[PDB]
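Undergrad: Here it is, the structure in full.
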Amino acid sequence: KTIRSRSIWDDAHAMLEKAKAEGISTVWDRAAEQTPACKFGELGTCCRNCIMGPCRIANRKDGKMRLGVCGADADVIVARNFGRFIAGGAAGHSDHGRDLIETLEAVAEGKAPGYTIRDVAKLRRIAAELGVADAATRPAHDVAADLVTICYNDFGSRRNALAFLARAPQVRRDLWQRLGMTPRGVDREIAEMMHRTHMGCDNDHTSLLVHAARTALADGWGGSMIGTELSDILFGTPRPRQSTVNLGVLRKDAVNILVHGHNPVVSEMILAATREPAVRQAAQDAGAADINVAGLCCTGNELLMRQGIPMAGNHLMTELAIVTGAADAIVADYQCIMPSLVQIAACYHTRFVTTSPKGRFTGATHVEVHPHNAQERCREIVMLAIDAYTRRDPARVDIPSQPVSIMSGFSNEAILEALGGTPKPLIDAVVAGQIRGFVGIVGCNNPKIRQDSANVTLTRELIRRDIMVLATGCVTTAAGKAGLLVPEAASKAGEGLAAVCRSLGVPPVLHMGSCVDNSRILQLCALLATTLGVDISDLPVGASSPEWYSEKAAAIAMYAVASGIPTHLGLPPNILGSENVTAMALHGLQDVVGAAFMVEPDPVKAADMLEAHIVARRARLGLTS
Amino acid sequence: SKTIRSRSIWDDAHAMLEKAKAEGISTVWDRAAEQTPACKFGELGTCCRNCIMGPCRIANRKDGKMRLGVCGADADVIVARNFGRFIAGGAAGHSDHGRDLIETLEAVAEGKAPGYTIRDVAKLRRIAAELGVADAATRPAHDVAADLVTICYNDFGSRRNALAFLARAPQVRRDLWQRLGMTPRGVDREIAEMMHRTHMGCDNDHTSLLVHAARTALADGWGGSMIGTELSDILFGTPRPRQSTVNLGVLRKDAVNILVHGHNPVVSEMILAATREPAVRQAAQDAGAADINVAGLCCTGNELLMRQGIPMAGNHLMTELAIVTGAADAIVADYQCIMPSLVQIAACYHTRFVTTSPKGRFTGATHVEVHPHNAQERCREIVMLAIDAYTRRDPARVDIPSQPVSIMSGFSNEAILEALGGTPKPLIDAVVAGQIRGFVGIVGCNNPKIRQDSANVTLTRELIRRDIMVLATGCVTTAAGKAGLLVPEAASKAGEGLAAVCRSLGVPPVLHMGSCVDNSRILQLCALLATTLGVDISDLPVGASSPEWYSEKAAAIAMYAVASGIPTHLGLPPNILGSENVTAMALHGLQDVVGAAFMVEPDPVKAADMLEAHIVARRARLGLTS
Ligand code: SF4
Ligand code: SF4
Ligand code: SF4
């Protein structure tokens with residue numbers, strides 16, 4: 001009964017039973033040990049920013065402990081904690097985008113063996129969009145070098161606004177300018193946030209949250225957008241394609257390589273290495289029928305979008321994938337890689353390989369990958385996987401399920417091509433009421449919530465109401481395993497959405513990529529708002545993260561709100577200890593940026609709130625629901 | 001009151017604590033008492049709040065539970081990530097300050113800063129030539145300033161391999177940083193990568209986390225802080241030796257008392273210029289005041305002291321007590337280390353609390369935001385508010401406690417070398433001969449957990465007694481000053497060797513070298529001595545000490561001193577003791593890789609023994625007498 005309460009999936013149930021019998025502790029077991037959690041940490045009323053503290057703000061009968069040693073009240077302490085929370089998340093996406101710039105610079109210099117510019121057409125378009133002279137005709141490497149220079153300048157301190165901010169409608173850029181939210185530099189907003197949250201600097205919760213919006217905007221319109229667009233340039237723009245999801249993508253007769261993390265610069269070369277004939281011969285000589293690459297988390301989302309590589313699972317499936325006994329190697333870069341995977345791998349034959357200087361795990365096998373040596377290093381990593389496969393215990397192998405078919409690869413380019421090259425067919429459907437609105441579901445998993453129970457229920461509730469769902473991150477696996485990522489899932493949608501979906505041959509849920517690919521949603525909203533001559537806060541759109549946990553999810557939520565997109569959260573951030581901060585997040589922000597946060601653990605109630613905002617925006621546009 | 005005596009060693013502090021008690025005004029010590037005892041996990045660093053799978057606590061339990069976070073992170077990772085963000089917050093404090101100096105200098109170069117000039121064009125040309133500006137000696141000053149601005153901005157970019165001022169460090173030190181992966185590449189970049197590394201499921205190795213923490217702090221001392229110091233001297237003048245006064249007695253009953261608080265001189269320099277305008281002086285006269293009296297608090301007070309000789313009212317734990325005097329007519333604040341309780345205590349009086357920076361917002365304060373293009377008009381408006389507040393001053397609540405103590409300030413490296421005849425050779429000769437056995441930079445704040453300035457003053461006395469010259473920055477300036485140690489006559493309190501050298505040069509045994517960002521002056525001086533002697537900084541008989549620190553910035557200064565080869569003592573430990581591995585590396589392991597380590601010791605006399613021990617050992621390795 002305990003195992004049933006932790007997930008809605010059979011492959012998760014099977015592996016939780018297996019781990020229990022083998023005495024392997026999982027994320028759910030550790031979540032139980034940390035319950036009940038500290039009230040002050042959950043409320044955000046704890047400050048550790050100097051050693052005059054640590055300080056706790058409590059509501060006491062005797063009136064003590066209302067202020068920190070420095071005099072800060074709960075509003076400042078909660079706001080500064082939330083500001084650093086957002087900054088850590090924005091920094092996660094920022095360094096990711098910085099790595100794509102360096103990779104593209106290596107290709108332009110001819111110092112990346114095995115890497116190329118897969119999409120020169122998009123390279124010329126993005127470079128011309130940002131002001132590169134003669135981007136349409138000059139040599140591709142020269143054009144790439146100028147785009148590299150432009151992107152690096154957004155990681156400098158001399159701009160007035162980020163380069164991609166020009167995509168946002170003019171009314172939105174003027175608003176950001178009036179509010180002091182205009183993001184100037186990707187790294188700069190992160191550094192200034194850490195300065196503001198230092199003792200005795202910014203001590204106004206309104207100022208701190210305004211800069212928190214500015215910091216997250218430097219992510220969505222900077223770090224993440226650069227990461228998405230350069231990844232398509234380097235590795236190809238996604239197109240619609242079919243694949244499979246869940247633990248059944250692992251094969252007993254093959255060498256199973258699971259890529260984990262966020263950077264496609266590594267996993268793309270891992271895949272190229274497994275396709276070399278000499279490498280395949282080595283696997284055959286070892287008794288394997290083939291080498292099978294399968295994806296985890298966002299880098300799995302990336303390989304899914306561009307190569308159709310099947311995904312093994314999402315956040316809370318990562319440990320369970322090793323428990324299958326068929327994981328021969330885990331190739332990790334950085335972010336959201338639970339260090340418990342090292343210990344669980346030690347229980348089996350699995351090799352846990354780290355590849356990034358930023359993602360170091362004690363006890364892991366480190367094979368550091370850079371653009372100049374990726375081809376040889378990734379070949380070496382695959383050979384380690386083939387070797388570990390030879391030591392695999394066949395009696396402990398249990399692959400639980402059969403893979404479920406999914407459809408992926410819905411970039412904005414792919415969406416517009418399916419519409420004939422213009423957004424007019426999409427705008428027509430919204431005006432007609434067939435598609436009443438769009439909601440991006442971009443959440444994770446969280447041990448406090450039965451895995452994917454809220455992701456799937458909300459996705460079902462929204463498509464029932466003719467609201468198209470845009471899926472990224474961990475929701476990709478949830479919607480996939482529920483059979484909603486195929487064109488045949490139109491039968492589960494309402495009459496309006498099903499008709500549009502069947503007309504285009506697309507699912508009612510569109511996989512648009514990884515967590516950084518939420519910038520694709522920003523681009524799509526900006527494109528629609530610009531076309532109609534309105535603000536993004538006028539579009540019938542919404543965002544939802546029903547089962548989030550990370551700093552990156554909070555930064556995504558913040559820049560969606562700051563861009564005019566109403567954003568729902570299944571769980572609250574650590575801010576409830578301040579009524580002023582909570583009121584601003586839930587209500588005050590609506591007055592300034594035209595959107596706000598929503599906290600609601602009931603997915604059906606979450607759908608009512610998302611649909612309510614959509615209906616209100618449809619009315620202001622003069623449409624019927 | 002036995003309690004009031006236990007909180008500070010100074011009479012003006014005792015007098016104001018008695019006054020605040022009689023008037024029912026709670027101070028920083030009173031809130032410190034309420035927060036005692038503090039949470040064990042917060043003090044140990046074994047608490048993580050970096051995601052809402054937590055918050056997580058690491059406990060030592062009989063049943064073995066709560067050994068790992070929900071993500072699987074152990075105490076070593078959790079403590080190192082918390083300490084890494086602690087350092088990042090401190091480096092960000094100095095980073096944004098240096099960035100503001102770059103923008104101010106760019107405004108002057110563009111001719112868009114009315115009232116600002118390049119006060120030290122000679123230093124501008126020297127710094128620009130040092131960093132590679134072409135024809136810095138002959139081209140127009142504004143063109144030279146513009147090219148230096150571009151170089152400094154590039155250090156706040158993401159395309160450099162090493163910071164521009166890193167060339168000052170000895171080659172052996174630069175090679176070591178390169179081998180360790182510590183070379184700071186971009187000021188903002190290291191801060192952003194640290195926040196990325198400490199995100200869940202990124203960097204989960206406490207050794208890697210601390211190595212990048214060193215890299216982040218090096219981006220401060222050799223980047224954010226060093227840019228701030230050198231451009232400040234270019235904009236506002238290079239400090240030279242001068243006389244002034246310290247303590248609450250610098251406030252005048254017959255004058256409009258304006259206290260500048262914070263860290264950025266871009267504001268306080270123009271406040272001072274505003275008070276010298278005849279129309280502004282006429283307004284003070286029309287209000288009945290004999291003059292306009294500007295006095296300093298914290299680092300911006302250190303800045304005005306070094307360059308203008310403006311008297312200092314007090315250090316960190318004196319800031320509230322200065323308002324309790326009843327004579328503080330205005331507080332002009334920029335950012336950092338400004339306790340928000342000053343707003344409430346000001347409301348108890350006539351005092352105007354004025355904020356000036358978009359980054360330094362205080363709820364309930366009067367905000368008059370200052371930028372280079374409007375500073376001259378805005379600062380004029382701020383002084384008028386002080387004169388207006390002065391008219392509403394209640395004379396019955398006025399109590400200025402003490403008589404000011406004389407001090408000598410303005411010892412920049414340029415001033416130190418000028419007193420030596422233009423070369424460091426007399427200083428090196430004194431060190432080799434054993435008259436000056438070593439140097440210790442005493443930096444740091446106050447901390448309510450320690451009787452105010454009891455450790456700062458005792459250590460300063462213990463060190464100069466042992467012929468160890470003290471270089472004072474930050475809050476120690478006020479401590480040494482009020483103890484009468486910042487004057488040439490204080491050579492009598494030193495040993496025979498230091499007293500002879502001090503009397504020979506006419507300098508005190510304690511040299512005030514400026515604010516917290518001016519600790520970069522100590523890096524420059526150490527680097528100059530190491531290069532001249534052809535050794536590493538880890539070979540010099542030097543030390544750093546922060547007996548009464550509290551802030552993230554103090555931790556970042558200590559870290560980049562250690563990472564640069566300077567043994568650094570702390571009176572109190574950071575929140576790291578919950579990890580034996582992290583504690584061992586900070587106290588011992590770093591000695592193996594960077595040639596220096598942290599020291600935690602609350603007894604100031606024992607702190608002097610440890611600093612002297614490292615100094616003696618380095619003298620032996622140099623082939624000198626101890
Ligand atoms: S959140 Fe604060 S009070 Fe709670 S355990 Fe962590 S440090 Fe202690
Ligand atoms: S910054 Fe203020 S509230 Fe936070 S720990 Fe320090 S004294 Fe306490
Ligand atoms: S990062 Fe790990 S240890 Fe920290 S709060 Fe999240 S789950 Fe707990």
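Chain labels A, B, ... are given in the sequence in which chains occur in the structure tokens; within each chain residues are numbered consecutively from 1, and ligands are likewise numbered from 1 in the order shown.
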Env of region 220-234 of chain A: 7 Å cut, atoms = only C-alpha atoms, seq-sep filter 5 positions within chain, self excluded. Answer as a list in words.
TA: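 These residues fall inside the cut-off: residues 93, 94, 96, 97, 100, 104, 116, 117, 118, 119, 120, 122, 123, 162, 164, 165, 186, 516, 517, 519, 556 and 559 of chain A.
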Undergrad: Select the residues contacting ligand 3 at a distance of at most 7 Å, based on only C-alpha atoms and all ligand atoms, then format the selection as a ChimeraX atom specification.
TA: /B:48-56,69-73,78,199-200
Undergrad: I need the chosen residues saved as a short mmCIF file (atom, residue, chain, number, x, y, z; two decimals), in the first residue's frame, with C-alpha atoms.
TA:
```
data_model
loop_
_atom_site.label_atom_id
_atom_site.label_comp_id
_atom_site.auth_asym_id
_atom_site.auth_seq_id
_atom_site.Cartn_x
_atom_site.Cartn_y
_atom_site.Cartn_z
CA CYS B 48 19.81 22.61 3.29
CA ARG B 49 16.99 24.69 1.80
CA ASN B 50 18.08 24.64 -1.86
CA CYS B 51 14.88 22.93 -3.07
CA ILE B 52 11.40 22.06 -1.82
CA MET B 53 12.11 18.37 -1.67
CA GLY B 54 13.59 19.71 1.55
CA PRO B 55 14.28 21.52 3.75
CA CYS B 56 16.65 18.80 4.94
CA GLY B 69 19.14 14.76 2.22
CA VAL B 70 16.10 13.80 0.17
CA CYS B 71 18.26 14.00 -2.96
CA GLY B 72 20.93 11.86 -1.26
CA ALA B 73 23.39 14.64 -0.39
CA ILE B 78 25.42 20.36 2.20
CA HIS B 199 21.90 23.82 -7.25
CA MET B 200 20.50 20.37 -6.51
#
```
Undergrad: Just the number, please: distance in Å from CA of residue 196 (chain A) to CA of residue 37 (chain B), one decimal.
TA: 27.4 Å
Undergrad: Which polymer residues have any atom within 12 Å of an atom of residue 333 (chain B), counting only C-alpha atoms, with same-chain residues fewer than 5 positions away left out, as a ChimeraX atom specification?
TA: /A:200-202 /B:258-268,271,296-301,319,338-340,342-343,352-362,365-370,379,382
Undergrad: For the selection just defined, write its residues with N, CA and C atoms to a file, as a compact mmCIF listing (two decimals), in the first residue's frame.
TA:
```txt
# COMPACT_ATOMS: atom_id res chain seq x y z
N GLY A 200 22.10 44.09 5.15
CA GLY A 200 22.18 45.53 5.12
C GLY A 200 22.31 46.14 3.75
N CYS A 201 21.83 45.46 2.71
CA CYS A 201 21.81 46.03 1.37
C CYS A 201 20.35 46.29 1.02
N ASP A 202 19.69 45.42 0.26
CA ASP A 202 18.28 45.62 -0.05
C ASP A 202 17.44 45.07 1.09
N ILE B 258 25.64 65.30 9.57
CA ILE B 258 25.29 64.36 8.51
C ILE B 258 26.23 63.17 8.61
N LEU B 259 25.67 61.99 8.83
CA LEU B 259 26.44 60.75 8.92
C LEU B 259 26.27 59.97 7.62
N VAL B 260 27.37 59.72 6.93
CA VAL B 260 27.35 58.90 5.72
C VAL B 260 27.63 57.45 6.10
N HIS B 261 26.80 56.55 5.60
CA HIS B 261 26.85 55.14 5.95
C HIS B 261 26.77 54.30 4.68
N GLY B 262 27.46 53.16 4.68
CA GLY B 262 27.50 52.27 3.54
C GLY B 262 28.93 52.04 3.05
N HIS B 263 29.08 51.95 1.73
CA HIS B 263 30.37 51.57 1.15
C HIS B 263 30.79 52.36 -0.08
N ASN B 264 29.88 53.03 -0.78
CA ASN B 264 30.22 53.64 -2.06
C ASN B 264 30.58 55.10 -1.87
N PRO B 265 31.81 55.52 -2.19
CA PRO B 265 32.16 56.94 -2.09
C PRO B 265 31.58 57.80 -3.21
N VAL B 266 31.03 57.20 -4.27
CA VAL B 266 30.45 57.98 -5.35
C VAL B 266 29.34 58.89 -4.82
N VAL B 267 28.69 58.50 -3.74
CA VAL B 267 27.66 59.32 -3.12
C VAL B 267 28.25 60.26 -2.08
N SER B 268 29.02 59.72 -1.13
CA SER B 268 29.49 60.52 0.00
C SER B 268 30.45 61.62 -0.44
N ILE B 271 28.11 64.35 -1.47
CA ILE B 271 27.49 64.93 -0.28
C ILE B 271 28.42 65.96 0.34
N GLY B 296 31.66 60.11 9.28
CA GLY B 296 31.59 58.85 8.58
C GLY B 296 31.19 57.68 9.46
N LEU B 297 30.56 56.69 8.83
CA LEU B 297 30.27 55.40 9.43
C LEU B 297 30.68 54.32 8.45
N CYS B 298 31.21 53.23 8.99
CA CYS B 298 31.55 52.00 8.26
C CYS B 298 32.49 52.33 7.09
N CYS B 299 32.40 51.59 5.98
CA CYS B 299 33.41 51.67 4.94
C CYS B 299 33.38 52.99 4.18
N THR B 300 32.21 53.53 3.87
CA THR B 300 32.19 54.83 3.20
C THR B 300 32.80 55.91 4.08
N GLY B 301 32.68 55.78 5.40
CA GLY B 301 33.40 56.67 6.29
C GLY B 301 34.90 56.46 6.20
N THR B 319 26.64 52.18 15.07
CA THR B 319 25.77 52.88 14.13
C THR B 319 24.44 53.28 14.77
N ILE B 338 24.22 48.03 6.33
CA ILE B 338 23.40 49.07 6.94
C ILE B 338 22.23 48.36 7.62
N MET B 339 22.30 48.23 8.94
CA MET B 339 21.26 47.52 9.67
C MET B 339 19.92 48.21 9.51
N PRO B 340 18.88 47.51 9.05
CA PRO B 340 17.57 48.16 8.86
C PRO B 340 16.92 48.66 10.14
N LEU B 342 18.22 50.84 11.92
CA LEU B 342 18.51 52.27 11.96
C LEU B 342 17.31 53.10 11.53
N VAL B 343 16.47 52.55 10.65
CA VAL B 343 15.27 53.26 10.22
C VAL B 343 14.32 53.47 11.40
N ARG B 352 16.54 62.07 9.72
CA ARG B 352 16.14 61.62 8.39
C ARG B 352 17.03 60.46 7.97
N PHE B 353 16.41 59.37 7.53
CA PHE B 353 17.13 58.23 6.98
C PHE B 353 16.99 58.27 5.46
N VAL B 354 18.09 58.55 4.77
CA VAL B 354 18.07 58.76 3.32
C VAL B 354 18.81 57.62 2.64
N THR B 355 18.12 56.92 1.75
CA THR B 355 18.73 55.95 0.86
C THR B 355 19.02 56.61 -0.48
N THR B 356 20.07 56.14 -1.16
CA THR B 356 20.54 56.74 -2.40
C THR B 356 20.75 55.76 -3.54
N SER B 357 20.69 54.45 -3.29
CA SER B 357 21.01 53.47 -4.31
C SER B 357 19.77 52.65 -4.68
N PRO B 358 19.60 52.32 -5.96
CA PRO B 358 18.50 51.42 -6.33
C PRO B 358 18.64 50.03 -5.74
N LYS B 359 19.85 49.65 -5.31
CA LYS B 359 20.07 48.36 -4.67
C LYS B 359 19.91 48.42 -3.15
N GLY B 360 19.90 49.61 -2.56
CA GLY B 360 19.82 49.74 -1.12
C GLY B 360 18.52 50.37 -0.67
N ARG B 361 17.44 49.61 -0.76
CA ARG B 361 16.11 50.08 -0.42
C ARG B 361 15.75 49.64 0.99
N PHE B 362 15.24 50.58 1.79
CA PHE B 362 14.81 50.31 3.15
C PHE B 362 13.38 50.80 3.29
N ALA B 365 12.16 54.46 4.55
CA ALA B 365 13.21 55.45 4.39
C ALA B 365 12.85 56.46 3.30
N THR B 366 13.51 57.62 3.36
CA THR B 366 13.40 58.64 2.33
C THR B 366 14.41 58.32 1.22
N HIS B 367 13.91 58.00 0.03
CA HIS B 367 14.76 57.59 -1.08
C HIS B 367 15.02 58.77 -2.00
N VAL B 368 16.28 59.18 -2.09
CA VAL B 368 16.73 60.17 -3.06
C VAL B 368 17.82 59.49 -3.87
N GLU B 369 17.42 58.83 -4.96
CA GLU B 369 18.33 57.97 -5.70
C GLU B 369 19.37 58.81 -6.44
N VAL B 370 20.63 58.40 -6.34
CA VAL B 370 21.77 59.14 -6.88
C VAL B 370 22.43 58.32 -7.98
N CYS B 379 22.47 65.30 -4.38
CA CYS B 379 23.16 65.45 -3.11
C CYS B 379 22.88 66.80 -2.48
N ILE B 382 19.70 66.31 -0.72
CA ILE B 382 19.83 65.50 0.49
C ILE B 382 20.31 66.35 1.66
```
Undergrad: Check the smallest atom-to-atom distance from each of A:43, A:91, A:395, A:610 to chain B using only C-alpha atoms, then report the winner.
TA: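 Of all the options, A:91 lies closest to chain B.
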Undergrad: Between A:458, A:269, A:509, A:571, single out the one closest to chain B, counting only C-alpha atoms.
TA: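 Selected residue with least distance to chain B: A:571.
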Undergrad: Nearest residue to chain B out of A:360, A:618, A:173, A:124, using only C-alpha atoms?
TA: A:360
Undergrad: Could you list, as a VMD selection string, all protein and nucleic acid residues with an atom at most 8 Å from ligand 2, counting only C-alpha atoms and all ligand atoms?
TA: (chain A and resid 46 to 56 67 to 73 77 198 to 200) or (chain B and resid 339 550 to 551)
Undergrad: Check the smallest atom-to-atom distance from each of A:5, A:284, A:263, A:292 to residue 92 (chain A) using only C-alpha atoms, then report the winner.
TA: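 Ranking A:5, A:284, A:263, A:292 by distance to residue 92 (chain A), first place goes to A:263.
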Undergrad: Can you work out which one of B:310, B:392, B:578, B:522 has the shortest atom-to-atom distance to ligand 1, counting only C-alpha atoms and all ligand atoms?
TA: B:578
Undergrad: Excluding residue 192 (chain B) and any residue of its chain fewer than 3 positions from it, enumerate the residues within 7 Å of it, using only C-alpha atoms, and give them as a PyMOL selection string.
TA: (chain A and resi 91+187+190-191) or (chain B and resi 188-189+195-196)
Undergrad: Write a file of the just-selected residues containing N, CA and C atoms, as an mmCIF file, in the first residue's frame.
TA:
```
data_model
loop_
_atom_site.group_PDB
_atom_site.id
_atom_site.type_symbol
_atom_site.label_atom_id
_atom_site.label_comp_id
_atom_site.auth_asym_id
_atom_site.auth_seq_id
_atom_site.Cartn_x
_atom_site.Cartn_y
_atom_site.Cartn_z
ATOM 1 N N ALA A 91 20.755 30.706 -12.454
ATOM 2 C CA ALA A 91 22.147 30.337 -12.682
ATOM 3 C C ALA A 91 22.264 28.950 -13.302
ATOM 4 N N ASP A 187 24.607 37.007 -16.423
ATOM 5 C CA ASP A 187 25.343 36.821 -15.177
ATOM 6 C C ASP A 187 25.148 37.997 -14.229
ATOM 7 N N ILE A 190 22.164 37.813 -11.749
ATOM 8 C CA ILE A 190 22.445 36.833 -10.704
ATOM 9 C C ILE A 190 23.381 37.421 -9.656
ATOM 10 N N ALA A 191 24.428 38.124 -10.094
ATOM 11 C CA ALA A 191 25.383 38.691 -9.149
ATOM 12 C C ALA A 191 24.754 39.808 -8.324
ATOM 13 N N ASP B 188 31.601 38.419 -12.492
ATOM 14 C CA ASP B 188 30.234 37.925 -12.362
ATOM 15 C C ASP B 188 30.140 36.440 -12.675
ATOM 16 N N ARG B 189 31.025 35.932 -13.536
ATOM 17 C CA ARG B 189 30.911 34.544 -13.972
ATOM 18 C C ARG B 189 31.120 33.573 -12.815
ATOM 19 N N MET B 195 26.493 29.592 -7.983
ATOM 20 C CA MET B 195 25.071 29.359 -7.759
ATOM 21 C C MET B 195 24.565 28.179 -8.582
ATOM 22 N N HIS B 196 25.143 27.955 -9.766
ATOM 23 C CA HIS B 196 24.810 26.770 -10.552
ATOM 24 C C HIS B 196 25.327 25.497 -9.885
#
```
